[PDB]
Amino acid sequence: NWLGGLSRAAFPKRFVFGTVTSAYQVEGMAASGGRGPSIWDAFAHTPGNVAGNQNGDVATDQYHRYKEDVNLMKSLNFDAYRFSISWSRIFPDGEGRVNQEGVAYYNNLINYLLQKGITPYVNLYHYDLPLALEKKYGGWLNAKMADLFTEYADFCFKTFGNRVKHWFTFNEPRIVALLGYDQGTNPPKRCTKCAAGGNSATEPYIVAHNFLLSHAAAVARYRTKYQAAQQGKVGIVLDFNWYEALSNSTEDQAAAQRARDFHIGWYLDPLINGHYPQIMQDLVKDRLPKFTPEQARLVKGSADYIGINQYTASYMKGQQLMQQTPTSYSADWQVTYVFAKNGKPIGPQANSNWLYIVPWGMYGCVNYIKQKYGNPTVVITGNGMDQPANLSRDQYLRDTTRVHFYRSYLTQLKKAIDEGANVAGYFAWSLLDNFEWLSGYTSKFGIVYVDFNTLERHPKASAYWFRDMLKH
Ligand SMILES: [Zn+2]
């Protein structure tokens, strides 16, 4: 059967199912409604940065159509909606003056979701730093971000927290550090060889440290001032793709493990255990900032749940560890990526080159967190795959590969849960085809098709798959 035995009865009682978007990817109204520019506005408006010189000026126009989109998610039998608040739509300069029109938009969205029985899971930050903060402070290179993020977070807790009980601070800070400061392909486009300046060996570590300190400061504020009255929770969203040893050799197993620690341990070891992974301490040395005892105690235990975005898996091949001149965060791992074992590829690729369809990666990731980190409360905060550009409407709608993706990945998730993994919910990336950063509109992750000429929504087969699977 096309559900493959999956239904709500196959997951724990009260398990949360939802879909995800992010502000800049779906809202539109990027320079209207009082919204100030983000670093992505500036980046996307520079010729050559995004596929087809496209931007999020209009995107899916959810800003106007949110009630349509909420009605649709409810008709598809989802329980929750993960979306993000645009910082610069609340604070056009990221500090100081409040944009009341921006506040009303989020009030209206939140109130409508609640009216329709959909639980809001709210992200504070999803790559969209107010441009004014980038220019004035140097963004995430500056430790002052903790104070700036905390004041932002405080406003949002005050303003929406009588209704919103499930918060996230950040979305995938590893991607910010990697793409913005190591490879320099996302804003602020910084790296060792980059026009804007930078240093791929040091800056990604600075950035990540500042994300962790900002997260911890925001949570400290939540807990000391709002928790008692509001009684909600705050977590963080971390990306985690799976690494599998290419062979059972000591070297390859050590490689896969290093990759895990440099990928997920970078953030999880501080959040759970109050220190960076030992291997990162040993290899990165003085390029890795040190938490004071006070800071480490602020960071440790500061996430009420861990969001994991899980997409793919890779084989890892190891080498003997060498003394090396530092070049980059990426090169610091001392691993080789491999995409075939015994002559067979790990999986076919979706539209995005990095996304290999590997359902057992989901089991790998969830089981690993369960076994290594004391089985913390995990929420799968994003999981999905993309179709390419230029297909006909009907081709988009008949997304059989995506149907197969979700059934297989959710089966593997069910396997980990049945074995005792503390997973509280699952969210599909994405509700709608949207602005997919560097790929602009050439990458389609939605379970709902969006015609980018007319802006019409059309549910795909995978939407109907969810609707069947999630019926009450
Ligand atoms: Zn509109």
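Criteria and thresholds
Residues numbered from 1 in each chain as written, not as in the entry; some residues may be left out. Heavy atoms only, no water. UniProt positions renumbered as here; feature names shortened; annotations may be inferred. Pairing = 2+ DSSP bridges. Helix = DSSP H or I, 4+ residues; strand = E, 2+ residues; numbered from the N terminus. Axes fitted to C-alpha atoms, helices over the stretch in contact; angles between N-to-C directions. Contact = heavy atoms within 4.5 Å. Disulfide = S-S within 2.5 Å. Buried < 20%, exposed > 50% of the residue type's maximum accessible area, 1.4 Å probe, protein only. Parallel < 35°, antiparallel > 145°, perpendicular 65-115°, else oblique. Left-handed = near helix turned anticlockwise from the far one by under 90°. Salt bridge = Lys/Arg side-chain N within 4 Å of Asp/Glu carboxyl O.

For this entry, the PDB record names X-ray crystallography as the structure determination method and reports a resolution of 2.20 Å.

For the protein, the PDB entry supplies the name Beta-glucosidase 7 and the organism Oryza sativa Japonica Group. Here the protein is described in UniProt, under the heading Subcellular location, as follows: "Secreted".

Attention shifts here to the sheet that holds strand β6 (residues 242-245). Adjacent strands of a sheet form backbone hydrogen bonds with each other and so pair up, either parallel or antiparallel. With respect to topology, 3 strands assemble into an open sheet ordered β6-β8-β9, the strand pairing being mixed. Lying at the two open borders of the sheet, with one neighbouring strand each, are β6 and β9 (336-338). Between one strand axis and the next, the sheet turns by 45° as a mean value, whatever way the strands run. Alignment of strand β8 (residues 313-317) against β9, held across 3 bridges, turns out to be antiparallel. What sits directly across from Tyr315, in β9, is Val338. Where helix α10 (residues 250-273) meets the sheet, it contacts β6 and β8, and its direction lies at approximately 165° from that of β6. Those strands touched by helix α14 (residues 360-372) are β6 and β8, and its axis lies near 95° from that of β6.

Spatially, 8 strands are ordered β1-β2-β3-β4-β5-β7-β12-β14 in a closed barrel, and the strand pairing comes out parallel. Going from strand to strand, the sheet's axes swing by 25° on average, the running direction of each strand aside.

So, on to the UniProt feature "disulfide bond" in the protein. Here the UniProt disulfide linking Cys191 with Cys194 is intact, its two sulfur atoms sitting 2.0 Å from each other. For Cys194, a relative accessible area of 18% corresponds to the buried category.

The next subject is the packing of helix α5 (residues 100-115) against helix α7 (residues 145-160). Each pair of packed helices can be described by the angle between their axes along with the distance between the axes. Their axes nearest at 11 Å, the elements α5 and α7 cross at an angle of 50°. Taken together, the axes of α5 and α7 are oblique relative to one another. Viewed along their axes, α5 and α7 form a crossing whose handedness is right-handed. Two secondary-structure elements touch here, α5 through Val103, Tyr106, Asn107 and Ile110 and α7 through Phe155, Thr159 and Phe160.

Attention now goes to the state of the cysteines. Scanning the entire structure with this criterion turns up 1 disulfide. Paired by a disulfide, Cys191 and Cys194 hold their sulfur atoms 2.0 Å apart. Between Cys191 and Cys194 the sulfur-sulfur dihedral comes to about 95°; the bridge is accordingly right-handed. There is no split in this pair, since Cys191 and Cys194 are both buried.

A few words now on the pattern of salt bridges. On inspection of all chains with the given rule, the structure shows 17 salt bridges. Residue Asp433 is joined to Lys460 by a salt bridge in which the shortest nitrogen-to-oxygen separation is 2.6 Å. One end of the pair, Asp433, is in the loop between β14 (423-429) and β15 (443-444); the other, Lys460, is in the loop between β17 (457-459) and α17 (461-469), with 27 residues separating them in the sequence. Of the residues examined, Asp433 reaches a relative accessible area of 0% and is grouped as buried. Look at the salt bridges and you will find they share partners, linking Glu151, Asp154, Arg221 and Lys225 into a network.

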